[PDB]
There are 2 protein chains.
Amino acid sequence: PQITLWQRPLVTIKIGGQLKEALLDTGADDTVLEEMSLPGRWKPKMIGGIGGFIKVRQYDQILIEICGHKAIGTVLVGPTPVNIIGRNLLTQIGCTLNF
Amino acid sequence: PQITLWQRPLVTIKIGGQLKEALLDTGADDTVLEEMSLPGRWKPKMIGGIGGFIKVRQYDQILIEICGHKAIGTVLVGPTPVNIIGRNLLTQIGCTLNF
Ligand SMILES: CCOCCOC(=O)N[C@@H](Cc1ccccc1)[C@@H](O)C[C@]1(Cc2ccccc2)NC=C([C@H]2c3ccccc3[C@H]3NC(=O)O[C@H]32)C1=O
């Protein structure tokens, strides 16, 4: 699909059997989701944003569907303003910018 | 052009008579650049994201060239970690997400 940018590029994702709204964010290297429960062990990660560097929990090899496309990769969990789908998963679904 | 997301989507922009490197960010409503001088009047604004909020100066009707594509729009100037081209200008150059 082709997504224009006149509005926020919000899509529905599926993770842990539940649906959530997320933002396709090309300016984000990683994917960060609002507080939720994920399986397995996690490692610490510091991510930098417009307002500063914060701490999140890093989970690897997590199943996540983005707009119907299945992906398996790293998902960070922390106090993010919105669910963000970053380049690590955008590349898995074959996303590119065009103009 | 078709820009890959294997790396950060960085491009050259021309604004105020000078060349700079900026990040194409679909997850940002606005465009914000590191401290620089711009012509015309401005109003204060607070923008927030990962890490919190930062105070910026809002300049309207500013001419900019992104990857050789001319456009006009609002440009915020402040202590952003990186130059960011947001949706307000990405739409003007016909930028879309595809997958
Ligand atoms: C994020 C996980 O991987 C690592 C984190 O990557 C980042 O934090 N990347 C930065 C970009 C970046 C910052 C520092 C260093 C490199 C890149 C942004 O792309 C992330 C984000 C997420 C977001 C989206 C909607 C609302 C809140 C937060 N998307 C947009 C905003 C803000 C933003 C940015 C510019 C202008 C106005 C605004 C605001 N108004 C608005 O619409 O969005 C807000 C972000 O922080």
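Numbered from 1 within each chain, the chains take letters A, B, ... in sequence-line order. Basis for what follows: all heavy atoms, side chains included, without hydrogens, waters or symmetry-related copies. Whatever order the structure lists them in is the order used to number ligands and atoms, beginning at 1.
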Using a strict cut-off of 4.0 Å, indicate which atoms of ligand 1 neighbour a heavy atom of [X].
| X | value |
| --- | --- |
| A:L23 | 24 (C), 25 (C) |
| A:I84 | 22 (C) |
| B:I50 | 8 (O), 46 (O) |
| B:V32 | 35 (C), 36 (C) |
| B:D25 | 11 (C), 18 (C), 19 (O), 29 (N), 30 (C) |

B:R8 versus ligand 1: do any nitrogen or oxygen atoms come within less than 3.5 Å of each other?
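The answer is no, given that B:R8 and ligand 1 share no N or O pair closer than 3.5 Å.
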
If hydrogens are left out, which of B:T80, B:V56, B:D29 has an atom nearest to atom 41 (C) of ligand 1, that is, the closest non-hydrogen atom?
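Comparing heavy atoms across B:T80, B:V56, B:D29, the nearest one to atom 41 (C) of ligand 1 lies in B:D29.
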
Counting only heavy atoms, tell me which of B:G48, A:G49, A:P81, A:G78 gets closest to atom 32 (C) of ligand 1.
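Residue with the shortest heavy-atom distance to the ligand atom: B:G48.
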
Distance-only polar pair, side chains of B:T96 and A:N98, donor-acceptor under 3.5 Å
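No, A:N98 and B:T96 have no side-chain donor paired with an acceptor closer than 3.5 Å.
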
Looking only at the side chains, is there a donor atom on one of A:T74 and A:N88 sitting less than 3.5 Å from an acceptor on the other?
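Side-chain D/A pair, A:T74 to A:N88: absent.
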
Is [X] salt-bridged to [Y], cutoff N-O under 4.0 Å?
| X | Y | answer |
| --- | --- | --- |
| A:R8 | A:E21 | no |
| A:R87 | A:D30 | no |
| A:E35 | A:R57 | yes |

4.0 Å heavy-atom contact, B:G86 with ligand 1
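No, B:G86 has no heavy atom closer than 4.0 Å to ligand 1.
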
In the structure I gave you, are the side-chain heavy atoms of A:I64 and A:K14 within less than 4.5 Å of one another anywhere?
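Side chain of A:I64 against side chain of A:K14, heavy atoms only: no contact under 4.5 Å found.
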
Is the contact between A:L76 and ligand 1 made by the side chain, the backbone, both, or neither, using heavy atoms and a 4.0 Å cut-off?
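For A:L76, there is no contact with ligand 1 at all, from either part.
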
Under a 4.0 Å heavy-atom limit, does A:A28 contact ligand 1 with its side chain, its backbone, both, or neither?
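For A:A28, the contact with ligand 1 is made by both the backbone and the side chain.
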
Distance from [atom] to nearest protein heavy atom, with residue and atom:
| atom | value |
| --- | --- |
| atom 36 (C) of ligand 1 | B:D30 O, 3.5 Å |
| atom 23 (C) of ligand 1 | A:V82 CG2, 4.0 Å |
| atom 31 (C) of ligand 1 | B:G27 O, 4.1 Å |

At their closest point, which heavy atom of B:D25 faces which heavy atom of B:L90, and how far apart are they?
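Minimum heavy-atom separation between B:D25 and B:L90: O-CD1, 3.8 Å.
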
Show the nearest heavy-atom pair for residues B:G49 and A:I50, with the distance to one decimal.
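Minimum heavy-atom separation between B:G49 and A:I50: N-CG2, 3.5 Å.
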
Whether A:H69 and B:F99 hold their rings parallel, tilted or perpendicular, with breakpoints at 30° and 60°
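Plane angle over 60°, so perpendicular.
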
